[PDB]
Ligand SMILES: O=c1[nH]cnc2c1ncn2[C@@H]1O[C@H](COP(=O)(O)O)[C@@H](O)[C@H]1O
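Presented as structure tokens, the chain that follows is alone, the form deposited without the named molecule.
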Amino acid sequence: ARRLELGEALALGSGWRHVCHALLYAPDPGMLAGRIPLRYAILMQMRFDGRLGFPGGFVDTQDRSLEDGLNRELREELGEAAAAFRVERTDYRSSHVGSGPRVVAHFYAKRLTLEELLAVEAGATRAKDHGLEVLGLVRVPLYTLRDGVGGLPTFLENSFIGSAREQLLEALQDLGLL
């Protein structure tokens, strides 16, 4: 893996492919078992290959920016509820270049209202990709249970796509969660 400057990434040869994924989240006041604060509702997706990842996809020649790519792809995966907002350049977090495929993976985090995020959750089964490219959404448990293993640490033992695990860890550190 290799962190790359955005300007650097945009200037990569025409050969390279770009993908954009977004962490959609909202403040959540709720309490699991009336005891353990949820803190935030964060969405991930089980992909057709059995790995957990974030919603998004490939930027294509038809797209004029990373962001039009992302939002276009977001609407496929999540359905019309995703068109209630737009992930923009101001939501951008990172670009990562692995080895293997010539792909740069850009990460975005978009804060929403709990209402908005819930509506995205509730409509995702009517999205184009549901039951095909996408197997279903999950929430990320931000809490660690009393045994120190259940909740977030066990969630992180699941199989993840690409940099999604790294991308999530980083975004939680930046939210003051650990």
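Don't overthink the numbering: it's just position in the shown sequence, from 1.
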Looking at the entry, does 62-70 or 40-48 show the higher mean C-alpha B-factor?
62-70
If you average the Cα B factors in the entry, which is higher, 5-13 or 152-160?
5-13
Which of these, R126, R146, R139, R111, has its C-alpha atom at the highest B-factor, as the entry lists it?
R146
Would you please rank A122 by its C-alpha temperature factor against the other modelled residues of its chain and give the third it falls in: lowest, middle or highest?
middle
Determine, from the deposited record, the chain-internal third of the Cα B-factor for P27: lowest, middle or highest.
middle
Of the three thirds of the chain ranked by Cα temperature factor, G34 occupies the highest
For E116, does the deposited CA B-factor place it in the lowest, middle or highest third of the chain?
middle
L78, C-alpha B-factor rank within chain (lowest, middle or highest third):
lowest
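As for the form solved in complex with the named molecule, it is not shown, yet the points below apply to it.
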Find out whether any non-hydrogen atom of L156 is located within 4.5 angstroms of the named molecule in the entry with it bound, and reply yes or no.
no
According to a 4.5 angstroms non-hydrogen atom cut-off, is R47 in contact with the named molecule in the entry with it bound?
yes
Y40 within 4.5 Å of the named molecule in the entry with it bound, heavy atoms
no
According to a 4.5 angstroms non-hydrogen atom cut-off, is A81 in contact with the named molecule in the entry with it bound?
no
Give, in sequence order, every residue of 1-20 that has a heavy atom within 4.5 Å of the named molecule in the entry with it bound, or say none if there are no such residues.
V19
